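Working notes for the structure below.
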Amino acid sequence: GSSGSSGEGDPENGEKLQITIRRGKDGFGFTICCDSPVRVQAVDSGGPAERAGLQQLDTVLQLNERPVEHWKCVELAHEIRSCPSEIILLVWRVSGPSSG
């Protein structure tokens with residue numbers, strides 16, 4: 001392959017990024033409510049969720065190393081509240097011009 005190479009195509013844009021939220025302000029900070037699949041509602045400005053690097057408009061894949069693809073706001077909310085200190089939540093984000 002002097003000029004190019006197979007496979008190169010069909011690249012990967014978005015990637016699985018993990019982010020934790022430190023519950024230390026009127027709750028956790030970020031708000032999430034939906035029906036499996038679960039998604040993000042909105043992020044608080046200047047909070048533990050945002051500062052850490054949590055962006056809204058994302059889909060919750062697995063929480064605290066647990067599958068939540070078929071979980072509902074209630075089902076999940078229960079797991080989150082579990083740890084009043086901090087909790088780990090994984091989501092899928094696309095690094096690009098993604099507007100909104």
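In the structure tokens, the first chain shown is A, the next is B, and so on; residue numbers restart at 1 for each chain, and ligands run from 1 in the order shown.
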* To do: Tell me which protein, DNA and RNA residues are within 7 Å of stretch 9-17 of chain A, counting only C-alpha atoms, leaving out same-chain ones fewer than 2 positions away, and put them as a list in words.
  => residues 7, 19, 90, 91, 92, 93, 94 and 95 of chain A
* Asked: Which of stretch 15-93 of chain A counts as strand (DSSP E or B) under DSSP, as a list in words please?
  ->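 Of stretch 15-93 of chain A, only residues 15, 16, 17, 18, 19, 20, 21, 22, 31, 39, 42, 59, 60, 61, 62, 63, 66, 67, 86, 87, 88, 89, 90, 91, 92 and 93 of chain A fall in strand (DSSP E or B).
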Sel. of alpha helix (DSSP H) residues, stretch 3-93 of chain A, as a PDB file with N, CA, C and O atoms, in the first residue's frame:
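The file below, selection_14.pdb, is the result:
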```pdb
ATOM      1  N   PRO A  48     -20.675  19.098  39.529  1.00  0.00           N
ATOM      2  CA  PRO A  48     -19.781  17.937  39.560  1.00  0.00           C
ATOM      3  C   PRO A  48     -19.893  17.086  38.298  1.00  0.00           C
ATOM      4  O   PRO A  48     -18.924  16.457  37.876  1.00  0.00           O
ATOM      5  N   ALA A  49     -21.081  17.073  37.702  1.00  0.00           N
ATOM      6  CA  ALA A  49     -21.318  16.303  36.488  1.00  0.00           C
ATOM      7  C   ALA A  49     -20.664  16.966  35.281  1.00  0.00           C
ATOM      8  O   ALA A  49     -19.960  16.314  34.510  1.00  0.00           O
ATOM      9  N   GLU A  50     -20.902  18.264  35.123  1.00  0.00           N
ATOM     10  CA  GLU A  50     -20.337  19.013  34.006  1.00  0.00           C
ATOM     11  C   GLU A  50     -18.820  19.121  34.137  1.00  0.00           C
ATOM     12  O   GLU A  50     -18.079  18.683  33.258  1.00  0.00           O
ATOM     13  N   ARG A  51     -18.368  19.710  35.240  1.00  0.00           N
ATOM     14  CA  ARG A  51     -16.940  19.877  35.486  1.00  0.00           C
ATOM     15  C   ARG A  51     -16.178  18.597  35.157  1.00  0.00           C
ATOM     16  O   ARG A  51     -15.154  18.631  34.475  1.00  0.00           O
ATOM     17  N   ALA A  52     -16.685  17.471  35.646  1.00  0.00           N
ATOM     18  CA  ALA A  52     -16.053  16.180  35.404  1.00  0.00           C
ATOM     19  C   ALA A  52     -15.938  15.897  33.909  1.00  0.00           C
ATOM     20  O   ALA A  52     -14.968  15.292  33.455  1.00  0.00           O
ATOM     21  N   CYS A  73     -35.882   5.187  33.952  1.00  0.00           N
ATOM     22  CA  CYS A  73     -35.546   6.250  34.893  1.00  0.00           C
ATOM     23  C   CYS A  73     -35.594   5.739  36.329  1.00  0.00           C
ATOM     24  O   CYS A  73     -34.677   5.978  37.115  1.00  0.00           O
ATOM     25  N   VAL A  74     -36.671   5.036  36.666  1.00  0.00           N
ATOM     26  CA  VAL A  74     -36.839   4.492  38.009  1.00  0.00           C
ATOM     27  C   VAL A  74     -35.779   3.439  38.311  1.00  0.00           C
ATOM     28  O   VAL A  74     -35.023   3.565  39.274  1.00  0.00           O
ATOM     29  N   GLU A  75     -35.731   2.401  37.483  1.00  0.00           N
ATOM     30  CA  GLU A  75     -34.762   1.326  37.663  1.00  0.00           C
ATOM     31  C   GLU A  75     -33.356   1.886  37.861  1.00  0.00           C
ATOM     32  O   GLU A  75     -32.654   1.516  38.802  1.00  0.00           O
ATOM     33  N   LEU A  76     -32.952   2.779  36.965  1.00  0.00           N
ATOM     34  CA  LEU A  76     -31.630   3.392  37.038  1.00  0.00           C
ATOM     35  C   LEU A  76     -31.512   4.286  38.267  1.00  0.00           C
ATOM     36  O   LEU A  76     -30.647   4.077  39.119  1.00  0.00           O
ATOM     37  N   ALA A  77     -32.387   5.282  38.355  1.00  0.00           N
ATOM     38  CA  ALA A  77     -32.384   6.206  39.482  1.00  0.00           C
ATOM     39  C   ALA A  77     -32.089   5.476  40.789  1.00  0.00           C
ATOM     40  O   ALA A  77     -31.395   6.000  41.661  1.00  0.00           O
ATOM     41  N   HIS A  78     -32.620   4.265  40.917  1.00  0.00           N
ATOM     42  CA  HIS A  78     -32.413   3.464  42.118  1.00  0.00           C
ATOM     43  C   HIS A  78     -30.937   3.118  42.294  1.00  0.00           C
ATOM     44  O   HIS A  78     -30.394   3.214  43.394  1.00  0.00           O
ATOM     45  N   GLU A  79     -30.296   2.714  41.201  1.00  0.00           N
ATOM     46  CA  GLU A  79     -28.883   2.353  41.236  1.00  0.00           C
ATOM     47  C   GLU A  79     -28.017   3.571  41.546  1.00  0.00           C
ATOM     48  O   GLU A  79     -27.093   3.497  42.356  1.00  0.00           O
ATOM     49  N   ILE A  80     -28.323   4.688  40.894  1.00  0.00           N
ATOM     50  CA  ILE A  80     -27.574   5.920  41.101  1.00  0.00           C
ATOM     51  C   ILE A  80     -27.592   6.337  42.567  1.00  0.00           C
ATOM     52  O   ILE A  80     -26.551   6.385  43.223  1.00  0.00           O
ATOM     53  N   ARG A  81     -28.783   6.634  43.078  1.00  0.00           N
ATOM     54  CA  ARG A  81     -28.937   7.045  44.468  1.00  0.00           C
ATOM     55  C   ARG A  81     -28.154   6.122  45.397  1.00  0.00           C
ATOM     56  O   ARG A  81     -27.756   6.521  46.492  1.00  0.00           O
ATOM     57  N   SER A  82     -27.937   4.889  44.954  1.00  0.00           N
ATOM     58  CA  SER A  82     -27.206   3.908  45.749  1.00  0.00           C
ATOM     59  C   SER A  82     -26.037   4.563  46.477  1.00  0.00           C
ATOM     60  O   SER A  82     -25.945   4.506  47.704  1.00  0.00           O
TER      61      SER A  82
END
```
* Show which residues sit within 10 Å of residue A:100, as JSON, numbers by chain. Count only C-alpha atoms, and ignore same-chain residues fewer than 2 positions away. => {"A": [56, 57, 97, 98]}
Write out the residues from the selection above, keeping C-alpha atoms, as a PDB file, in the first residue's frame.
```pdb
ATOM      1  CA  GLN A  56     -26.183  15.885  27.848  1.00  0.00           C
ATOM      2  CA  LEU A  57     -27.943  14.354  24.842  1.00  0.00           C
ATOM      3  CA  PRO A  97     -19.747  19.249  14.914  1.00  0.00           C
ATOM      4  CA  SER A  98     -22.617  17.599  16.789  1.00  0.00           C
TER       5      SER A  98
END
```
* Skipping near chain neighbours, those fewer than 5 positions away, what residues fall within 7 Å of stretch 40-43 of chain A using only C-alpha atoms, listed as a list in words? -> residues 30, 31, 32, 33, 50, 55, 56, 57, 58 and 59 of chain A
Taking N, CA, C and O atoms for each residue, export the selection above as a JSON list (two decimals), in the first residue's frame.
```
[["chain", "number", "residue", "atom", "x", "y", "z"],
["A", 30, "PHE", "N", -26.51, 16.52, 37.62],
["A", 30, "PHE", "CA", -27.07, 16.25, 36.30],
["A", 30, "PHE", "C", -28.44, 15.57, 36.41],
["A", 30, "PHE", "O", -28.70, 14.83, 37.36],
["A", 31, "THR", "N", -29.30, 15.83, 35.44],
["A", 31, "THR", "CA", -30.64, 15.25, 35.43],
["A", 31, "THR", "C", -30.81, 14.29, 34.26],
["A", 31, "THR", "O", -30.45, 14.61, 33.13],
["A", 32, "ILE", "N", -31.37, 13.12, 34.54],
["A", 32, "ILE", "CA", -31.60, 12.12, 33.50],
["A", 32, "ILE", "C", -32.90, 11.36, 33.74],
["A", 32, "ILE", "O", -33.09, 10.77, 34.81],
["A", 33, "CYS", "N", -33.78, 11.38, 32.75],
["A", 33, "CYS", "CA", -35.06, 10.69, 32.85],
["A", 33, "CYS", "C", -35.56, 10.26, 31.48],
["A", 33, "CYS", "O", -35.73, 11.09, 30.58],
["A", 50, "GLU", "N", -20.90, 18.26, 35.12],
["A", 50, "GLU", "CA", -20.34, 19.01, 34.01],
["A", 50, "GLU", "C", -18.82, 19.12, 34.14],
["A", 50, "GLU", "O", -18.08, 18.68, 33.26],
["A", 55, "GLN", "N", -21.64, 15.39, 29.29],
["A", 55, "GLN", "CA", -22.41, 16.13, 28.30],
["A", 55, "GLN", "C", -23.79, 15.51, 28.11],
["A", 55, "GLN", "O", -23.93, 14.29, 28.04],
["A", 56, "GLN", "N", -24.81, 16.35, 28.03],
["A", 56, "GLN", "CA", -26.18, 15.88, 27.85],
["A", 56, "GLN", "C", -26.39, 15.33, 26.44],
["A", 56, "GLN", "O", -25.46, 15.29, 25.64],
["A", 57, "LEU", "N", -27.61, 14.91, 26.15],
["A", 57, "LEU", "CA", -27.94, 14.35, 24.84],
["A", 57, "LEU", "C", -27.14, 13.09, 24.57],
["A", 57, "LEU", "O", -26.67, 12.86, 23.45],
["A", 58, "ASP", "N", -26.98, 12.26, 25.60],
["A", 58, "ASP", "CA", -26.24, 11.01, 25.46],
["A", 58, "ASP", "C", -27.10, 9.82, 25.90],
["A", 58, "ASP", "O", -28.12, 9.99, 26.56],
["A", 59, "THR", "N", -26.67, 8.62, 25.51],
["A", 59, "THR", "CA", -27.40, 7.41, 25.86],
["A", 59, "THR", "C", -26.65, 6.60, 26.91],
["A", 59, "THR", "O", -25.47, 6.27, 26.74]]
```
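Restricting the calculation to only C-alpha atoms, the smallest distance between residue A:86 and any of A:6, A:20, A:62, A:99 is found for A:20.
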* Asked: Just how far from atom CA of residue A:44 is atom CA of residue A:24, in Å to one decimal?
  ->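 Interatomic distance here is 12.6 Å.
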* Nearest to residue A:84 by atom-to-atom distance, counting only C-alpha atoms, from A:25, A:8, A:35, A:1 ->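 That would be A:25, the residue with the smallest distance to residue A:84.
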* Write out as a ChimeraX atom specification the residues lying within 10 Å of residue A:61, counting only C-alpha atoms and excluding same-chain residues fewer than 6 positions away. => /A:16,36-39,67-71,89-92
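Among the candidate residues A:60, A:34, A:88, A:83, the one lying nearest to residue A:21 is A:88, with distances computed using only C-alpha atoms.
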